[PDB]
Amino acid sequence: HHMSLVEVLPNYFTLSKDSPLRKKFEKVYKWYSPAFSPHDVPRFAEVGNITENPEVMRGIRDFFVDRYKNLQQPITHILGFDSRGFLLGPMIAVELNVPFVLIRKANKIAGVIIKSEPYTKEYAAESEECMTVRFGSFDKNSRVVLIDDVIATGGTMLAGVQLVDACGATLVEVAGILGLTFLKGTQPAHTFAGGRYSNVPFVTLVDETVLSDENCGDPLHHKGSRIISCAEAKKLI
């Protein structure tokens, strides 16, 4: 059940074009235009169509569990980003028998917490929002994987790298299910702190080629706002 990666940019890996798991993603991943999306990027890849497909979810789980089980030196923690990284990390961490550590927006986490620098995303300019992690959840002897759903500009991953760096831990790999390689999202993590993390592979199972013209999820016709009330929805039962 092994699936194969190809290095498409330096330390940016994605599944081969012919990979059976990629073909499964191609049938389920849909993108939405600004008219039907919470953020007006050209093609918004809704994670719910992935979580609604248990076969693809199992393929994601199996890929990363097998990958990290077969390392010569095991990982000790998986760190996942609020909110969509939360959907992917725990099912991997439970099979590896490692902690799943939450990286959360402001302060959401109780106790003593470490805050990143203010982050940016493909669709978010810098503001006061930072990512945080619980102090004491991992340390300088930890070997960690950062996981999210999408890697676009790499701003979110940079915030995670800053938090890993704040504890002196070893960053083994950055993991996701969709990498928009034309945005070169490896760059922030790979140039932070004078290149301290340039040897960290990014592994995103599929890439922008999954967001094909035939994979638009927009309704072909829809009355009014995409946001409907419960009473309006009941008339469609």
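Note that residue numbering follows the sequence shown and begins at 1.
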query	finding
7-15 set against 210-218, stretch whose average Cα temperature factor tops the other in the entry	210-218
Residue range whose averaged C-alpha B-factor is higher in the record, 128-136 or 87-95	128-136
Highest-ranked of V112, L146, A159, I151 once sorted by CA temperature factor in the record	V112
Given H39, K27, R58, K184, the residue at which the Cα B factor reaches its maximum	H39
Lowest, middle or highest third - CA B-factor, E52	lowest
Chain-wide C-alpha B factor ranking for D66, given as lowest, middle or highest third	highest
Relative C-alpha B-factor of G194, binned into the chain's lowest, middle or highest third	highest
Third assignment of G176 from its chain's C-alpha B-factors	lowest
Chain thirds of CA B-factor: placement of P201	lowest
